[PDB]
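[1] An experimental structure, sequence included, is below.
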Amino acid sequence: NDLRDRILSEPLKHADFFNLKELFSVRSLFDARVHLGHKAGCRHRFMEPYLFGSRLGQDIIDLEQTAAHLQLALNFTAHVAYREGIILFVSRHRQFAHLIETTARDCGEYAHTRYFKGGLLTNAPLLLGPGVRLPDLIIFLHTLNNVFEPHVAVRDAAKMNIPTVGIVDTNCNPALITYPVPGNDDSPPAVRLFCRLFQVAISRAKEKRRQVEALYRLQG
Amino acid sequence: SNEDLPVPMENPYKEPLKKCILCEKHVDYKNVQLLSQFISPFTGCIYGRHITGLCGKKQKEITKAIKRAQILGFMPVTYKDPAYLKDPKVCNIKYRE
Amino acid sequence: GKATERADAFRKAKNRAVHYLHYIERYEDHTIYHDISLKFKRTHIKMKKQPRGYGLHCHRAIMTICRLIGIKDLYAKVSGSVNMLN
Amino acid sequence: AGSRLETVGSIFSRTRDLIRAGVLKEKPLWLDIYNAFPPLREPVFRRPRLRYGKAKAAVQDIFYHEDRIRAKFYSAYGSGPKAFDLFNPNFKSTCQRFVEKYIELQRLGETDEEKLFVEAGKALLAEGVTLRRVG
Amino acid sequence: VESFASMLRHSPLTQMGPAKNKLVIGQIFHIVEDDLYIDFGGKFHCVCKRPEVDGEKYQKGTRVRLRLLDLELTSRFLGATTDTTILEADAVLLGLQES
Amino acid sequence: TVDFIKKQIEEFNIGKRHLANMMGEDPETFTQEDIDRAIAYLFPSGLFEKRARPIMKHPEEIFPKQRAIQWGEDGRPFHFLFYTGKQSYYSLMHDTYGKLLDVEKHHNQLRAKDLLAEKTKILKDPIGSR
RNA sequence: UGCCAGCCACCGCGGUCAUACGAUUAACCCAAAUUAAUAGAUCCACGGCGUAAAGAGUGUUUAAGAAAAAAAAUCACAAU
Ligand SMILES: [Mg+2]
Ligand SMILES: [Mg+2]
Ligand SMILES: [Mg+2]
Ligand SMILES: [Mg+2]
Ligand SMILES: [Mg+2]
Ligand SMILES: [Mg+2]
Ligand SMILES: [Mg+2]
Ligand SMILES: [Mg+2]
Ligand SMILES: [Mg+2]
Ligand SMILES: [Mg+2]
Ligand SMILES: [Zn+2]
């Protein structure tokens, strides 16, 4: 038991424990059309600090702050996977649902790209089973549903005290998202880049957890 | 210290505003040929903005000129003059289908 | 908690009150940090910080709420509406 | 059990104060991660109130001195013969070549707009691009 | 280290400027019976109709030429706080990578 | 309820052995067809509803099918679509869509290579397929 | 007893169906005092005026009040 707390305390003492800086850069985000957002009329009021400007009606997201938020979001996602946490990729968008399902299957985490039932996260002991374990992290690839309204899961995670890492567009509300990352969720290159980043972060976290366990076995 | 920052300047891509057909023109009460183009040949009604397509001043000026000419004895009220009936069509209303 | 039977309503209220819990910052565990003047929908509440020897001279419901919270000394006045829920 | 209140504050605060009071006797695994790497903004609920009156958003439009030459190029020649390729990161367009010629002509000590325009238009013929003026 | 403003100033979209009557190159990524989803690459994907001439030559991955009309179709209506995004773009078909 | 079904299996086996012994047939050759006749003869319940008659089948046949244990001892669910409500239906839909995409890519490659070797097998009128 | 007798500061109670009427027991609070009535102290708004009471049918002006940081006066169209 004494050696178990050391494993959990090891990554908390280092800033870049999993070396996630090499995964992306400003140019990598720029090449994926991340900086591009909706028109000025679709701009949310809370998205003003997360915007670089407006290019003839279309607002532009500042990739400097995009990457600044993305570093923390990826570090938080990697730590949850390292600490054996349940990660649920929730996204309601009928274009990349198969890609999200495949990325989650490859990660070994859980996914939800279909219609979200009402009492799913709240009335869990009746919707999922007698006794279930709530997801320890919720990842949003598309904050808005098909009705252009905030998703149920972003509110339910805040209600049930579940951290949420979410890609927020210019028309999204980052108020309830624990780790919002301003970007574009409608570009296929951007969504593929985000899926690959969240895939490699989880893969590295699990591989490093396995290596740390192997070292712990040799410790005694 | 960055020289690539945007500058708060005027929009260079500002398109010119659309002009009415009589923009920067002189409307008169004596040009019955001009006044007849905005009236119905069969009834004599004065076409509205959605039919003519004139910006705010010229529609009212044409209406006033038509009303003045119909009473001064220059243009018939009940019908359009067959002499000016063969004028080019400026209105956007189609009757015969 | 609302139910056809009184016992069922009591049980539902007891079971559903735990899910909604606030944390109250209590100065020295006896009073509040500063005087609070709040205006709800139609109820105005004016609460003033009180010393050790002035214990719960408030409305009969605010006194019970503060006793359950842990506040031992407080003065409060309610003006306007007297609706219990508000 | 916990606190299902949304508008009161943030999840970190609502999880920390519960343990501080002693209701939540089990510390969540994500609380340590939040303490180690807090986000830039605390996840507190903010109501999107509508903006009325003379108040306007603080977002500023994106414009450069290059746009003042691009508008002139598009007014006369319009879209260039070479179609734009958005896939290529380092793609240079016909108007990009025109503005690159224009800045060098400005550096050459020419202040007249006609001199800066017609000279670039004729110099593009040296490279060999076709300009289609719109009448 | 290149800056975001520096790369945005040299971005092809910035050079394009207004999206009215601009010739662009797009690549088709999805195929329907009569509709073609062409990704011109700016933000969204436009939808066009297969022409009568050389209709069979339009396949998945084919590169075509477009005359872009609007980058994103949004409009305001009665009682609408924000715009109604169409999640698409307006463009027309002219040719298929004439080279 | 796994141990209940496990005990019911043993009870069914011993009851089948005793039924074969009391009926006089070989327990090795004793089958469900003989079980039905033995039950009908020993307990002649005359009722119009056949489900109301006495029945002795395997526990997996009598008791309804049970949903598998969705999560391990650590609490982590097994299937990646557990939080979707209908994990089996959604996995079937996902597999169908993945196979559709694979078929589309393969057919696109075949069309690019100018190879048409597939046939139309959708018409199953003579077979009577629904 | 049974909308009868009757009781009450407000709500209200009286059905061969009364913990509210009359009687008994029991119980509670005061106390050489206990109730009823009349007087008092206190209690209305430093609050509102679209739908509950409230923006007076309109403009100008006397008295009176604030000028607390700076700006402005005037143009198509049916005032009279
Ligand atoms: Mg979006
Ligand atoms: Mg009495
Ligand atoms: Mg009686
Ligand atoms: Mg009484
Ligand atoms: Mg009595
Ligand atoms: Mg006395
Ligand atoms: Mg009052
Ligand atoms: Mg009134
Ligand atoms: Mg009035
Ligand atoms: Mg009156
Ligand atoms: Zn005009």
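    Received, thanks. Numbering: from 1, shown residues only, chains lettered A, B, ... in the order given. Ligands and ions are numbered 1, 2, ... in the order given.

[2] Longest strand in chain E, please.
    strand E:22-31 (DSSP state E).

[3] quick one: buried residues of it?
    Neighbour-count burial for strand E:22-31, with 16 or more other C-beta atoms under 10 Å in any protein chain shown as criterion, is recorded at E:22, E:23, E:24, E:25, E:26, E:27, E:28, E:31. (C-beta placed from N, C-alpha, C; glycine too.)

[4] contacting residues around the second one?
    It refers to residue E:23. By C-beta atoms under 8 Å, 6 or more residues apart in numbering or on different chains, residue E:23 lies in contact with D:79, D:80, D:83, D:84, E:65, E:66, E:67, E:68, E:94.

[5] Pull the number of nearby residues for the fifth one.
    Meaning residue E:65. Here the count is done by other C-beta atoms under 10 Å in any protein chain shown, and residue E:65 has 19 residues near it.

[6] Could you pull up the residues touching residue 47?
    Assuming you mean chain A. By C-beta under 8 Å, 6+ apart, residue A:47 lies in contact with A:37, A:59, A:168, A:170, A:171, A:172, A:174, A:182.

[7] try chain F instead
    Going by C-beta under 8 Å, 6+ apart, residue F:47 touches residue F:53.

[8] Am I right that residue B:95 is in a strand?
    No. Read with DSSP: H, G, I helix; E, B strand; the rest coil, residue B:95 is coil and lies in no strand.

[9] and residue D:85, how many neighbours?
    Counted with other C-beta under 10 Å, residue D:85 comes out at 16.

[10] And it, how close does it get to residue D:5?
    The gap separating residue D:85 from residue D:5 is 53 Å, by C-beta to C-beta, to the nearest Å.

[11] Quick check: residue B:54 touching residue B:63?
    No. Between residue B:54 and residue B:63 no contact is recorded; they are 9.9 Å apart, counting by C-beta atoms under 8 Å.

[12] okay, the two: which has more neighbours?
    Neighbours were counted for residue B:54 and for residue B:63 using other C-beta under 10 Å; residue B:54 has more, 22 against 15.

[13] Tell me who's in contact with that one.
    Residues near residue B:54 by C-beta under 8 Å, 6+ apart: B:20, B:21, B:22, B:62.

[14] what's the answer for residue D:65, then?
    Contacts of residue D:65 (C-beta under 8 Å, 6+ apart): B:7, B:9.

[15] do residue E:9 as well
    Per C-beta under 8 Å, 6+ apart, neighbours of residue E:9: B:4, D:64, D:66.

[16] Not counting its neighbours along the chain, what's nearest residue D:105?
    Nearest non-adjacent residue to residue D:105, counting by C-beta to C-beta, 6 or more residues apart in numbering or on different chains: residue D:116, 5.0 Å away.

[17] From residue D:109, how far out is the one you found?
    In terms of C-beta to C-beta, residue D:116 sits 11 Å off from residue D:109.

[18] go on, residue A:85?
    Distance from residue A:85 to residue D:109, by C-beta to C-beta: 66 Å.

[19] pull the longest helix from chain A.
    In chain A, taking DSSP state H as the definition, the longest helix is helix A:188-219.

[20] just how off-centre is that helix within its chain?
    Chain-centre distance of helix A:188-219: 14 Å, with C-alpha atoms, centre = their mean, to the nearest Å.

[21] where along the chain do the strands fall?
    Reading this off chain A. Remark: strands assigned in chain A by DSSP E are A:36-39, A:51-55, A:58-61, A:87-90, A:110-112, A:137-140, A:164-168, A:179-182.

[22] meant chain C actually
    Using DSSP E, strands in chain C cover C:26-27, C:31-32, C:36-39, C:43-48, C:75-80.

[23] export these to a markdown table and tack on mean neighbour count?
    Shown next, in a markdown table, are the strands of chain C (neighbours: other C-beta atoms under 10 Å in any protein chain shown):
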| stretch | mean neighbour count |
| --- | --- |
| strand C:26-27 | 14 |
| strand C:31-32 | 20 |
| strand C:36-39 | 10 |
| strand C:43-48 | 16 |
| strand C:75-80 | 15 |
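
[24] related to what we said a few turns ago, would you format the contacts of residue E:9 as a markdown table with secondary structure and neighbour count included?
    A markdown table is the format used below for the contacts of residue E:9 (DSSP: H, G, I helix; E, B strand; the rest coil; neighbours: other C-beta atoms under 10 Å in any protein chain shown):
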| residue | secondary structure | neighbour count |
| --- | --- | --- |
| B:4 | coil | 13 |
| D:64 | coil | 19 |
| D:66 | helix | 20 |
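
[25] out of those, who's nearest residue F:87?
    Residue F:87 has its nearest neighbour among the contacts of residue E:9 in residue B:4, at 51.3 Å by C-beta to C-beta.

[26] wait, what's in contact with the closest one?
    Contact analysis of residue B:4 by C-beta under 8 Å, 6+ apart lists D:64, E:3, E:5, E:6, E:8, E:9.

[27] which element is the residue in chain F that chain D sits nearest to on?
    With C-beta to the nearest C-beta as the measure, residue F:75 is the residue of chain F nearest to chain D, at 12.1 Å. Using DSSP states H and E, residue F:75 maps to neither a helix nor a strand.

[28] Which phi and psi values does it adopt?
    phi 90, psi -10 (degrees, to the nearest 10).

[29] On the three-state scheme, residue F:44 is what?
    Under three-state DSSP, the three-state class of residue F:44 is coil.

[30] What separation is there between it and residue F:24?
    18 Å.
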